[PDB]
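Protein chains in written order, with the working numbering: chain A, 1 to 80; chain U, 81 to 194; chain H, 195 to 402; chain S, 403 to 578; chain C, 579 to 869; chain V, 870 to 1025.
Ideal placement from N, C-alpha and C gives every residue a C-beta, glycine not left out.
Step one of this worksheet: look at the structure below.
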Amino acid sequence: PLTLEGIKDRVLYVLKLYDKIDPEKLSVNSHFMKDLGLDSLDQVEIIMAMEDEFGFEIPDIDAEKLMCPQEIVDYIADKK
Amino acid sequence: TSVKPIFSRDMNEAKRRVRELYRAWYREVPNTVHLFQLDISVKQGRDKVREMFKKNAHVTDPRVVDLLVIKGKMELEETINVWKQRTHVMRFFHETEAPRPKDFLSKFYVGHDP
Amino acid sequence: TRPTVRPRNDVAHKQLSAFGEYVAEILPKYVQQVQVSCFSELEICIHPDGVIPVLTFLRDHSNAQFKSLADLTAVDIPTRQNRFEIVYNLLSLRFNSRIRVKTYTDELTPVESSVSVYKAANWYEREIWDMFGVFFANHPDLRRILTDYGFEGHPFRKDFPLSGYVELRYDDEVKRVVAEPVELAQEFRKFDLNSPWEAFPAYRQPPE
Amino acid sequence: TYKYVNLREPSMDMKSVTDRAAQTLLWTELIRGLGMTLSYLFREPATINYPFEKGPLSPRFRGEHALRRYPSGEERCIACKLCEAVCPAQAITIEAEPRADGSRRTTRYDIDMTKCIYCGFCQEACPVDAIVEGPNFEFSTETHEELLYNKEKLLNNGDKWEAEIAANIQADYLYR
Amino acid sequence: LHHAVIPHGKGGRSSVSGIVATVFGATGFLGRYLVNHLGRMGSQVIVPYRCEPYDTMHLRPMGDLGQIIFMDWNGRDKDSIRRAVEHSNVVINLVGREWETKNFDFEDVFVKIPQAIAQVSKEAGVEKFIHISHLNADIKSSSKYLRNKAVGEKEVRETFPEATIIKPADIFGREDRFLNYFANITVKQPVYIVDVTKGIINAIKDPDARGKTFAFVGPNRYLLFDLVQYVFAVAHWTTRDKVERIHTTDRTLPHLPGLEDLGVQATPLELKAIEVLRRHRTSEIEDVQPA
Amino acid sequence: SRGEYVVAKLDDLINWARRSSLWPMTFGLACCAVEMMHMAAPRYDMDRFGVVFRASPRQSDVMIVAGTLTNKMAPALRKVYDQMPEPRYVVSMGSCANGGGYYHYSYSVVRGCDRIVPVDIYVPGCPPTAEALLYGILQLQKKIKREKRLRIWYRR
Ligand SMILES: NC(=O)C1=CN([C@@H]2O[C@H](COP(=O)(O)OP(=O)(O)OC[C@H]3O[C@@H](n4cnc5c(N)ncnc54)[C@H](OP(=O)(O)O)[C@@H]3O)[C@@H](O)[C@H]2O)C=CC1
Ligand code: SF4
Ligand code: SF4
Ligand code: SF4
């Protein structure tokens, strides 16, 4: 049951549920820092928000080196 | 000349430690603001927390950012215990106006405020 | 010069002089000054590296015990590149003699957990850290003693004024204790009692 | 010389151990303590009725903060500011105009009884012995307004007695 | 003008502001919080109390050292009133009880008292005479309280006509009447206390807003029953003359400005109810919003 | 006016009852605490008056602030003061407490306890005489003689 596409979907709608990104403006290979206007403060907020929702331990160098939603889901698939 | 470094080697581990410290303040706010029963939304508390991190963003030294890591670490420990009471946690805010806008004219009416 | 004048006793001056020369010989590495005052207590002025070897030597060594620890304050002066002074104070239980180990530091260079060699130094170290901000490295537990928690600013510095910046009262709007910018009712009339003509000509510094 | 305590053991003589066991099993020295406190029961109590018998003092007690004056004369203060110069809590506020007739005087001579630590440094320092600590200690003030004295309060306080301070200064022009 | 009516420096706690407020009553609720905002401004509150010294003791250290002053008064004499307003800058009129007594009722307080004090204030030379009134107090029926306050509005417009008639809504605060009435057991717009008293102090220190009557608006304006739902969702003297007063009239009056025209930002009911509604034991925020 | 005569004597009775016992709690930080425990000594009895020392804040009558009140102390002070029964009366003892005093110009000294609690009786001294503190308690009791609470409730 705990499969790859459902993990993609749940990361997708918790990114939807997060409110500080205006608009939705959805991109999986985004590099959303520069292109979609996210500071690294919001970056650590989102990464440990995933950690709080259903994530692994998720240490801080892994928290910085993702920067990208499909790459985030690929990190979860790199462990889960 | 050179300096014995405190904790870090360049600005990078300083940014990593402050990142982790901000994660710790993030997981510090909601349980403690339930426990002390304040009157402030979790959004408002967290946003003034990240405002306080926005206050000191322009610091260009590893030593001072390490010392601020020590500051935030001590303050986070003594707020995650039950020592710092309701008075001090509310004293982090400003419920004493102080409404003064930065208008030249509004500072000019009640004056001697250059 | 005899009546109503505290007499010197230069035999003790000579004994502590010989001990200071002994210390400067046996530890050649971290010694800049070994001075003796005329009221005969030893002062040893120290580069901030070998403080832990100095204390592990001068706690022991069977020629000079010095188990007794006392005051530590990093007495803050400006005008030097190294502002602060860690002033350790020591007394031997066996010998009745007081030495002072004064090492220098500036606003960022630490010392390196001196609590592990003198167990009395724990709240002394935490005190100097809280009141000044002189960080002490690799100490087990640093917290805040002798200040308020919400207070900050390291008040024993010279830049901190005589009053503060926050001031408490009780407001009835939100029904709690709040803080304000400090608003005096009297001036604290500061006096300039620095009258000239050099009451001590023994200490005349030279000009340019 | 060192005269130290408790280097002795209860010796194992049979009478020693039965007397200590009788102390244990029969509570004897406890009853001796009872007898001690009953000996203080039957004493006469060392109290004083306050509002009819006030407690003893000295001639050198430090009290009231009055201003004096000359024998049927002017204000003994000159506004020479020594009392502010040595007042440690700095409760003395002096502002000194000269009066109409050319002689130097005051405008405002204020003590904060809230702030004053009652040393008598102003007593040791007033060069003419104008401001003198009084005898009595009865203020009990309902307001925080009243505890800021002014010159007319101090002069009326000096008007409320002189013969007391006359006897005290006659008792203390010899030591101080 | 003469000095010391100029302000100096910052505001509050021996930071001298330039107004001298003779405040009537104020040993109750709204006058007490207004005294607190004036001490936070650092002003001189001249308050007459007619009571035991203990209640004015519990409001006493609100202002600074000697900036407050206490004195006796009564609702019958005149010499005490003139002795009160000997040297006054401004004066605010806040007196009135929600229940009848033996010696004093709803009548002749709202009919006697503002006439006499407005008369002697117009004589003794004050400015900015601010008189309070209830919201929508008219000659509408079944409300002796509302018709007496409407006659009071007419009389304050009558004598000293350059008076600030104000009309705040049904206030809720820390010591609310009707909320605590709900604790022991038709739209409606209640408005929180600090919005009202900030509007009062801003209207008293921002002149050119003088002589024109002002009205306050609760920033919800929904049904009474949904508010009962919310207050019992968060919380887990009973005369029905009060219940006619709280059932009778609830409307807006657009004939005059309000909050944001004055320089004061509103705060809704929900956050302040989270503040004051303690006492769960020893959140269901509905807010259905009817129009 | 037999009702008013009954109100006068009944107000007399309850004011006598309030001023009679008055068992305090000693807050007592610095050397003014030593002076309070010296006016509980044999040479000055509070117990002649029925005034009995008691560390129970749920039955305290007069709160005597005495000592150097600080910022780090003050929230604990008003948390003590809040859970005291509504008949409460405050004696500020000592120049530290009735206006800051000797440690006036520093950080972490509230300039007298006026900024924290309302104060009924200021008594000065650094330290006050024990005898003077007893006199201050007498003038507080005369304030309790002057209450007219029941008259105000009769004609409110
Ligand atoms: N819905 C409402 O009722 C609202 C009312 N207001 C207004 O707020 C004002 C203050 O009332 P509030 O804070 O609610 O509480 P209070 O009713 O306690 O305030 C009224 C004050 O006037 C005094 N007073 C009452 N009757 C007399 C009298 N006959 N003689 C002398 N003094 C008298 C009161 O008693 P004492 O002298 O014993 O102190 C009190 O100090 C009132 O004028 C009221 O109109 C404002 C908004 C809403
Ligand atoms: S020392 Fe004496 S004479 Fe001088 S100013 Fe003070 S009171 Fe006056
Ligand atoms: S007794 Fe001491 S504190 Fe008081 S006025 Fe004199 S010098 Fe100042
Ligand atoms: S007023 Fe004086 S005696 Fe009392 S606590 Fe302060 S320093 Fe001690």
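In the structure shown, C:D804 adopts helical secondary structure according to DSSP, grouped into three states. When beta bridges are read from the DSSP output, C:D748 appears opposite C:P768.
Put simply, of V:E873, V:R1025, V:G968 and V:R923 the residue whose alpha carbon is nearest the alpha carbon of C:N681 is V:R1025. Straight-line spacing of the CA atoms in C:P746 and C:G609 works out to 13 Å. For U:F172, there are no neighbours in chain A by C-beta distance under 9 Å, as the nearest C-beta there is about 19 Å away.
Taking each of C:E664, C:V601, C:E676 and C:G617 in turn and checking the Cα distance to C:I824, the smallest one comes out for C:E676. In the structure shown, H:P375 falls within a strand segment according to DSSP collapsed to helix, strand and coil. Between C:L672 and C:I624, the beta carbon gap of about 14 Å keeps them out of contact (Cβ cut-off 8 Å). Residue-level contact check: C:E853 does not touch chain V, since none of the beta carbons of chain V fall below 8 Å from its beta carbon. For V:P926, no chain U residue has a C-beta closer than 9 Å to its own C-beta; the minimum C-beta separation is roughly 17 Å. Excluding five sequence positions before and after H:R253, the CB atoms of its chain that fall closer than 8 Å to its own CB belong to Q259, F260, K261, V311 and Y312, given in chain order. With a threshold of 7 Å, the Cβ atom of C:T605 counts as near ligand 1, since some heavy atom of the ligand is closer than that.
Note that the region 956-967 of chain V does not touch the region 330-345 of chain H; fewer than 3 beta-carbon pairs, one per stretch, sit closer than 8 Å.
Less than 8 Å divides the Cβ of C:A694 from the Cβ of C:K656. Every residue whose beta carbon comes nearer than 5 Å to a heavy atom of ligand 4 appears here in chain order: V:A899, V:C900, V:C901, V:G936, V:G963, V:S964, V:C965, V:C995 and V:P996. Taking 9 Å as the upper bound on Cβ-Cβ separation, chain V lies near residues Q165, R166, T167 and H168 of the region 137-171 of chain U. Contact between the region 508-528 of chain S and the region 613-627 of chain C is absent, with fewer than three C-beta pairs closer than 8 Å.
In summary, the residues of the region 349-374 of chain H whose CB is separated from some CB of chain V by less than 7 Å are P349, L356, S357, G358, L362, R363, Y364 and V371, in the order they occur in the chain.
Between H:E377 and C:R788 the beta-carbon gap is near 30 Å, outside 8 Å, which marks them as no contact. By the Cβ-count criterion, C:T600 is buried, with 16 or more other Cβ atoms from all chains shown falling within 10 Å of its own Cβ. With its beta carbon at least 8 Å from every one in chain S, C:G641 lies outside the interface. In the three-state scheme derived from DSSP, where H, G and I count as helix and E and B as strand, S:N408 is classed as coil.
At a cut-off of 8 Å between beta carbons, V:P944 contacts chain U.
In the three-state scheme derived from DSSP, where H, G and I count as helix and E and B as strand, V:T998 is classed as coil.
For the pair H:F330 and U:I150, the CB atoms are not nearer than the 8 Å cut-off. Contact note: U:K84 reaches chain H through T303 and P304, using a C-beta cutoff of 8 Å and chain order.
The region 138-155 of chain U makes contact with the region 83-99 of chain U: 3 or more CB pairs, one atom from each, lie closer than 8 Å. The bridge partners DSSP lists for S:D512 are S:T495. DSSP, read as helix, strand or coil, puts H:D300 in coil. Burial of V:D989 is indicated by the presence of at least 16 other C-beta atoms within 10 angstroms of its C-beta. In this structure, H:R363 lies away from V:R957, with their beta-carbon atoms at least 8 Å apart. Assignment of beta-bridge partners to S:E477 by DSSP yields S:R471. As a beta-bridge residue in DSSP terms, V:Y958 pairs with V:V931. Taking a beta-carbon distance threshold of 8 Å, V:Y976 counts as an interface residue toward chain H. Taking a beta-carbon distance threshold of 8 Å, A:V73 does not count as an interface residue toward chain U. A Cβ-Cβ distance of about 6 Å is found for the pair H:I240 and H:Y224, placing them in contact under the 8 Å criterion.
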